[PDB]
Amino acid sequence: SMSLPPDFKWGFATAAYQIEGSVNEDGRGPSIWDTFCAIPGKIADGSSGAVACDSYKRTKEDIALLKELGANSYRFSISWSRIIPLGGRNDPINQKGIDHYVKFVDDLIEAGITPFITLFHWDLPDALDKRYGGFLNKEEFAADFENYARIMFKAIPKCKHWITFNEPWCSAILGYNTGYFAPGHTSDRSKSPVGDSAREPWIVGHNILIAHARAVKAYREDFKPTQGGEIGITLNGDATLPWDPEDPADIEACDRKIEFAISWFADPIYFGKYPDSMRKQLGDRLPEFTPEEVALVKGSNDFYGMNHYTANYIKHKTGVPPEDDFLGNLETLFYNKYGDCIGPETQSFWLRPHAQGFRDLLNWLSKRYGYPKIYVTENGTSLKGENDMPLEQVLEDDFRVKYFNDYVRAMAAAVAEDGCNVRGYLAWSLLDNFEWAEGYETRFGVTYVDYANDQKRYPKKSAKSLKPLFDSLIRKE
Ligand SMILES: OC[C@H]1O[C@@H](O)[C@H](O)[C@@H](O)[C@@H]1O
């Protein structure tokens, strides 16, 4: 029923912009998020990644925290603009930036912690966006990304777990359909002077796939022979249930939703084509790969990186969807035809807990993609009103304890009962941190960070719950 293999990797996850602070220190150049946060109205509490958890200066304390919690693994990202402040292949490299991360990894390894390193977690160097529209220029972006990646592969050979992109769905849809995330492109001219919500998202997804696959080929050809290790992309995606369990169109739409959200990226990576359902709806707004691109992209995951948070009921729509539609001509809802609920609210409008969906989606993905090795690179939750609670109540985060309990056991059943090859689980997040367009109000941390008192760390009940939870699941031999 529930049991995990002895080598199982587990720990916590973070991202550079969300935690590091020191946004102008040691040569770092601006990212598209530094710029986006300077624009009134884009961040709900008017804040930015300035200061954040001050983790750039507190690596030693953060490592000691990981060790105190029992983690054997830690996922973090590299700020590209600390490595190449302007980002490009002909721009000057910042050795201080490199040395910071090389040392960090030496120190993690010395503490007995396996590093999982994300190259790109949304913080595109601003200059690349300004020069050529960043992801919108296929050849320029792929060349600059591959160059950046090779610098990191060469400098950090002790890392054996590399992630290219985090959640390209976010970068494409939220960055170029709705403008909710940097760089804020949308057709809506009351929010952005540039963008085309019907066309730019699909170009952005396409070109990220190309860049990913170049970085993977570089890793496999020039580094893996002598350094070993593995590389893949991390995709997010939520589970689906039919709004009307008797309606075959809703049942079909549960698959279609997942195809538009995840298979957009995974079908190219495993099969060398986009989902037929996407081709049908988007037609020539969805780019086509050339034969050379198909060969490059197909087979470009050593493992499947999975981020997962929630589930939705799916209600099919009829007729022709608007050109700005990205869901696949359907509606997502938290209540079904019979008034059944996904789960209670959290601080995030889009997140309700549903552990069964995690198990369901693990199965769906494993079946569609031939049982790849899966690392769960993010899973966790916010808690409604957490930012307003007194300390004693914040630390007693029973709701979050429960989220991890149910989601981790659901995953363990996916493994031991359903045969899914999950080999790691990284809790989002080690620390309360900057939650993008929501600012600091939305807390995902297993560790409370007191921003008013020098970002002092207090482990919550959840933080201490994970080690005994995994002790109950991971086989000794
Ligand atoms: O309507 C788009 C919404 O979709 C959700 O799944 C995203 O995570 C939100 O961050 C976003 O604003």
# chains A, B, ... in the order shown; residues from 1 in each chain; ligands from 1
call {"tool": "select_by_dssp", "arguments": {"residues": "region 96-342 of chain A", "states": "strand (DSSP E)", "output": "MDAnalysis selection string"}}
result
chainID A and resid 114:120 161:166 230:235 239:242 304:307 311:316 330:333
call {"tool": "residues_near_ligand", "arguments": {"ligand": "ligand 1", "cutoff": "10 Å", "atoms": "only C-alpha atoms and all ligand atoms", "output": "list in words"}}
result
residues 169, 170, 173, 174, 177, 178, 179, 180, 181, 236, 237, 238, 261, 309, 310, 311, 312, 326, 327, 332, 348, 349, 350, 351, 436, 437 and 438 of chain A
call {"tool": "residues_around", "arguments": {"residues": "residue 183 (chain A)", "least_positions_apart": "2", "cutoff": "8 Å", "atoms": "only C-alpha atoms", "output": "ChimeraX atom specification"}}
result
/A:32-33,36,175-176,179,181,185
call {"tool": "residues_around", "arguments": {"residues": "residue 147 (chain A)", "least_positions_apart": "4", "cutoff": "9 Å", "atoms": "only C-alpha atoms", "output": "list in words"}}
result
residues 88, 89, 142, 143, 151, 152 and 215 of chain A
call {"tool": "write_last_selection", "arguments": {"atoms": "N, CA and C atoms", "output": "PDB file, in the first residue's frame"}}
result
ATOM      1  N   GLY A  88      23.723  37.762 -21.492  1.00  0.00           N
ATOM      2  CA  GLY A  88      24.070  37.243 -22.828  1.00  0.00           C
ATOM      3  C   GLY A  88      25.418  36.527 -22.966  1.00  0.00           C
ATOM      4  N   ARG A  89      25.554  35.742 -24.018  1.00  0.00           N
ATOM      5  CA  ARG A  89      26.759  34.996 -24.291  1.00  0.00           C
ATOM      6  C   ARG A  89      27.996  35.853 -24.587  1.00  0.00           C
ATOM      7  N   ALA A 142      17.847  30.732 -26.974  1.00  0.00           N
ATOM      8  CA  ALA A 142      18.392  29.381 -26.835  1.00  0.00           C
ATOM      9  C   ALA A 142      19.893  29.426 -26.759  1.00  0.00           C
ATOM     10  N   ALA A 143      20.501  30.322 -27.562  1.00  0.00           N
ATOM     11  CA  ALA A 143      21.944  30.471 -27.515  1.00  0.00           C
ATOM     12  C   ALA A 143      22.372  31.018 -26.166  1.00  0.00           C
ATOM     13  N   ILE A 151      28.154  27.283 -18.379  1.00  0.00           N
ATOM     14  CA  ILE A 151      28.954  27.888 -17.325  1.00  0.00           C
ATOM     15  C   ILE A 151      28.669  27.180 -16.007  1.00  0.00           C
ATOM     16  N   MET A 152      27.385  26.934 -15.710  1.00  0.00           N
ATOM     17  CA  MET A 152      27.029  26.286 -14.439  1.00  0.00           C
ATOM     18  C   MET A 152      27.412  24.807 -14.343  1.00  0.00           C
ATOM     19  N   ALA A 215      20.142  22.812 -23.736  1.00  0.00           N
ATOM     20  CA  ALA A 215      20.856  22.669 -22.485  1.00  0.00           C
ATOM     21  C   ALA A 215      21.037  21.221 -22.098  1.00  0.00           C
TER      22      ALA A 215
END
call {"tool": "residues_around", "arguments": {"residues": "residue 266 (chain A)", "least_positions_apart": "4", "cutoff": "10 Å", "atoms": "only C-alpha atoms", "output": "compact mmCIF listing (two decimals) with C-alpha atoms, in the first residue's frame"}}
result
# COMPACT_ATOMS: atom_id res chain seq x y z
CA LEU A 209 11.27 23.86 -25.07
CA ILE A 233 12.47 20.06 -16.82
CA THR A 234 9.99 20.77 -14.01
CA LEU A 235 6.35 21.12 -14.99
CA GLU A 259 -3.13 18.17 -21.96
CA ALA A 261 -1.55 22.57 -18.92
CA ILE A 262 1.14 19.87 -18.90
CA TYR A 270 8.43 12.43 -24.74
CA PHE A 271 6.85 12.12 -28.22
CA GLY A 272 8.16 15.03 -30.33
CA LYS A 273 4.79 16.65 -31.04
CA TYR A 274 2.24 18.82 -29.29
CA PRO A 275 -1.05 17.27 -28.05
CA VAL A 297 13.32 17.99 -28.05
CA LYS A 298 12.09 14.37 -28.17
CA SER A 300 15.03 15.49 -23.60
CA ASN A 301 14.10 14.46 -19.98
CA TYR A 304 10.24 14.02 -14.94
CA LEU A 365 1.35 11.13 -16.08
CA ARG A 368 0.95 8.65 -20.59
CA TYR A 369 4.77 8.91 -20.47
call {"tool": "atom_distance", "arguments": {"atom1": "CA of residue 400 (chain A)", "atom2": "CA of residue 380 (chain A)"}}
result
7.7 Å
call {"tool": "residues_around", "arguments": {"residues": "residue 172 (chain A)", "least_positions_apart": "5", "cutoff": "10 Å", "atoms": "only C-alpha atoms", "output": "list in words"}}
result
residues 135, 167, 177, 178, 179, 181, 182, 185, 197, 200, 201, 202, 203, 204, 205, 206 and 208 of chain A
call {"tool": "write_last_selection", "arguments": {"atoms": "N, CA, C and O atoms", "output": "compact mmCIF listing (two decimals), in the first residue's frame"}}
result
# COMPACT_ATOMS: atom_id res chain seq x y z
N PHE A 135 12.33 35.32 -24.21
CA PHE A 135 11.86 34.05 -24.76
C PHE A 135 11.28 34.16 -26.16
O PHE A 135 11.19 33.16 -26.85
N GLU A 167 8.46 25.46 -14.22
CA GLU A 167 7.08 25.86 -14.53
C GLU A 167 6.99 26.80 -15.73
O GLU A 167 6.54 27.96 -15.61
N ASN A 177 -0.04 35.86 -21.47
CA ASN A 177 -1.47 35.87 -21.66
C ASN A 177 -2.13 36.88 -20.75
O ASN A 177 -2.71 37.87 -21.24
N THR A 178 -1.97 36.71 -19.43
CA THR A 178 -2.66 37.59 -18.50
C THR A 178 -1.85 38.80 -17.99
O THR A 178 -2.41 39.72 -17.38
N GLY A 179 -0.53 38.74 -18.12
CA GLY A 179 0.36 39.79 -17.61
C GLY A 179 0.45 39.85 -16.11
O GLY A 179 0.90 40.87 -15.54
N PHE A 181 2.34 37.98 -14.19
CA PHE A 181 3.72 37.79 -13.80
C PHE A 181 4.63 38.49 -14.79
O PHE A 181 4.22 38.75 -15.93
N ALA A 182 5.85 38.83 -14.36
CA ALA A 182 6.85 39.45 -15.25
C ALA A 182 7.02 38.63 -16.50
O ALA A 182 7.05 37.39 -16.42
N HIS A 185 3.36 41.02 -20.12
CA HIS A 185 2.71 41.12 -21.46
C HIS A 185 1.30 40.59 -21.48
O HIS A 185 0.95 39.52 -20.91
N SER A 197 -2.02 38.26 -26.37
CA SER A 197 -2.43 37.15 -25.50
C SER A 197 -2.77 35.88 -26.27
O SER A 197 -2.64 34.79 -25.74
N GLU A 200 1.63 35.22 -28.24
CA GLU A 200 2.93 35.20 -27.52
C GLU A 200 3.11 34.02 -26.54
O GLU A 200 4.14 33.44 -26.54
N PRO A 201 2.07 33.63 -25.79
CA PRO A 201 2.26 32.46 -24.89
C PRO A 201 2.77 31.22 -25.60
O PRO A 201 3.57 30.55 -25.06
N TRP A 202 2.25 30.92 -26.79
CA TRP A 202 2.58 29.69 -27.52
C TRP A 202 3.94 29.75 -28.16
O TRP A 202 4.64 28.72 -28.26
N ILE A 203 4.31 30.95 -28.61
CA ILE A 203 5.71 31.23 -28.99
C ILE A 203 6.65 31.05 -27.78
O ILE A 203 7.72 30.43 -27.87
N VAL A 204 6.27 31.58 -26.63
CA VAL A 204 7.17 31.51 -25.46
C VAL A 204 7.36 30.05 -25.03
O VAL A 204 8.50 29.60 -24.79
N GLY A 205 6.27 29.29 -24.93
CA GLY A 205 6.39 27.86 -24.59
C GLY A 205 7.29 27.12 -25.56
O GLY A 205 8.18 26.35 -25.16
N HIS A 206 7.05 27.35 -26.84
CA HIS A 206 7.83 26.71 -27.91
C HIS A 206 9.32 26.92 -27.76
O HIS A 206 10.13 26.00 -27.80
N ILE A 208 11.06 28.08 -25.11
CA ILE A 208 11.59 27.49 -23.90
C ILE A 208 11.90 26.00 -24.11
O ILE A 208 12.94 25.53 -23.71
call {"tool": "atom_distance", "arguments": {"atom1": "CA of residue 288 (chain A)", "atom2": "CA of residue 218 (chain A)"}}
result
22.8 Å
call {"tool": "closest_atom_pairs", "arguments": {"of": "region 365-407 of chain A", "to": "region 447-452 of chain A", "cutoff": "12 Å", "atoms": "only C-alpha atoms", "output": "JSON lines"}}
result
{"residue": "A:382", "atom": "CA", "partner": "A:448", "partner_atom": "CA", "distance": 11.8}
{"residue": "A:386", "atom": "CA", "partner": "A:448", "partner_atom": "CA", "distance": 10.0}
{"residue": "A:387", "atom": "CA", "partner": "A:448", "partner_atom": "CA", "distance": 9.8}
{"residue": "A:389", "atom": "CA", "partner": "A:448", "partner_atom": "CA", "distance": 11.3}
{"residue": "A:390", "atom": "CA", "partner": "A:450", "partner_atom": "CA", "distance": 11.3}
{"residue": "A:391", "atom": "CA", "partner": "A:448", "partner_atom": "CA", "distance": 8.7}
{"residue": "A:392", "atom": "CA", "partner": "A:448", "partner_atom": "CA", "distance": 10.9}
{"residue": "A:393", "atom": "CA", "partner": "A:448", "partner_atom": "CA", "distance": 11.1}
{"residue": "A:394", "atom": "CA", "partner": "A:448", "partner_atom": "CA", "distance": 7.5}
{"residue": "A:395", "atom": "CA", "partner": "A:448", "partner_atom": "CA", "distance": 7.3}
{"residue": "A:396", "atom": "CA", "partner": "A:448", "partner_atom": "CA", "distance": 10.8}
{"residue": "A:397", "atom": "CA", "partner": "A:447", "partner_atom": "CA", "distance": 10.2}
{"residue": "A:400", "atom": "CA", "partner": "A:447", "partner_atom": "CA", "distance": 11.4}
call {"tool": "residues_around", "arguments": {"residues": "residue 299 (chain A)", "least_positions_apart": "4", "cutoff": "10 Å", "atoms": "only C-alpha atoms", "output": "MDAnalysis selection string"}}
result
chainID A and resid 213 216:217 268:272 294:295
call {"tool": "write_last_selection", "arguments": {"atoms": "N, CA and C atoms", "output": "short mmCIF file (atom, residue, chain, number, x, y, z; two decimals), in the first residue's frame"}}
result
data_model
loop_
_atom_site.label_atom_id
_atom_site.label_comp_id
_atom_site.auth_asym_id
_atom_site.auth_seq_id
_atom_site.Cartn_x
_atom_site.Cartn_y
_atom_site.Cartn_z
N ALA A 213 16.02 21.93 -24.51
CA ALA A 213 16.55 20.76 -25.13
C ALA A 213 17.99 21.00 -25.55
N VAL A 216 20.02 20.39 -22.37
CA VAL A 216 20.05 18.95 -22.09
C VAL A 216 21.08 18.23 -22.99
N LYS A 217 21.08 18.59 -24.26
CA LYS A 217 22.03 17.98 -25.17
C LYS A 217 23.45 18.38 -24.77
N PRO A 268 5.86 17.16 -26.35
CA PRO A 268 7.08 17.35 -27.16
C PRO A 268 8.29 16.62 -26.60
N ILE A 269 8.44 16.63 -25.30
CA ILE A 269 9.59 16.07 -24.65
C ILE A 269 9.62 14.55 -24.71
N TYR A 270 8.45 13.89 -24.70
CA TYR A 270 8.43 12.43 -24.74
C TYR A 270 8.12 11.89 -26.14
N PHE A 271 7.36 12.64 -26.94
CA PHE A 271 6.85 12.12 -28.22
C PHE A 271 7.27 12.99 -29.40
N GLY A 272 7.81 14.18 -29.19
CA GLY A 272 8.16 15.03 -30.33
C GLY A 272 7.00 15.68 -31.11
N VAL A 294 12.47 18.48 -33.59
CA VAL A 294 11.83 17.24 -33.09
C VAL A 294 12.88 16.34 -32.54
N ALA A 295 13.95 16.11 -33.29
CA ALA A 295 15.01 15.22 -32.82
C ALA A 295 15.67 15.71 -31.52
#
call {"tool": "select_by_dssp", "arguments": {"residues": "region 113-248 of chain A", "states": "alpha helix (DSSP H)", "output": "MDAnalysis selection string"}}
result
chainID A and resid 126:132 138:155 168:169 175:176 200:222 224:227 248
call {"tool": "atom_distance", "arguments": {"atom1": "CA of residue 319 (chain A)", "atom2": "CA of residue 284 (chain A)"}}
result
19.0 Å
call {"tool": "closest_residue", "arguments": {"among": "A:246, A:454, A:107, A:441", "to": "residue 66 (chain A)", "atoms": "only C-alpha atoms"}}
result
A:107
